[PDB]
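In what follows, a single structure is set out as structure tokens and then discussed.
Residue numbers (full-length UniProt numbering), protein chains in the order written: chain A, 487 to 548; chain B, 487 to 548.
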């Protein structure tokens with residue numbers, strides 16, 4: 487699973503938008519925002535961060 | 487009114503990244519990707535689409 491267990495990504499991504507993201511966002515801004523979000527929500531010793539990272543990998547290159 | 491609960495938001499963003507997004511992505515590209523994910527998942531005139539849009543809309547104003 488390329489993002490933990492789909493629905494569980496919710497917390498990370500929502501936070502990544504409303505706290506870490508900008509109106510003038512690119513792909514990389516999202517990446518950092520999402521990793522930071524995961525790190526804060528579930529700790530960084532977690533596969534939850536690794537899963538956030540994994541999402542970015544398979545973007546168009548499925 | 488993010489009427490789905492942050493946990494549902496995860497389903498969307500996995501699909502948004504891996505199936506709908508580009509390597510050379512931007513905020514506007516992501517808007518569509520997430521909205522479209524939510525459409526596929528929960529119908530078009532859906533609270534899921536409403537909650538997704540709202541996230542992007544808040545970010546875009548500050």
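For every residue, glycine included, the Cβ atom is placed at its ideal position computed from N, Cα and C.
Here residue 502/B is buried. Its C-beta has 16 or more other C-beta atoms within 10 Å. With 16 or more neighbouring CB atoms inside 10 Å of its own CB, residue 504/B falls in the buried class.
At a C-beta separation below 8 Å, residue 545/A has these neighbours in chain B: 503, 504, 507, 508, 509 and 511. Against chain B, a Cβ distance below 9 Å from residue 539/A picks out nothing, because the smallest value is about 11 Å. Residues of chain A with a Cβ closer than 9 Å to the Cβ of residue 496/B are, in chain order, 489, 490, 491, 492, 493, 494, 495, 496, 497, 498, 499 and 500.
Secondary structure in the stretch 497-547 of chain B: no beta strand (DSSP E) run of 3 residues or longer lies completely within the stretch. When rounded, the separation of the alpha-carbon atoms in residue 531/A and residue 514/B is 32 Å.
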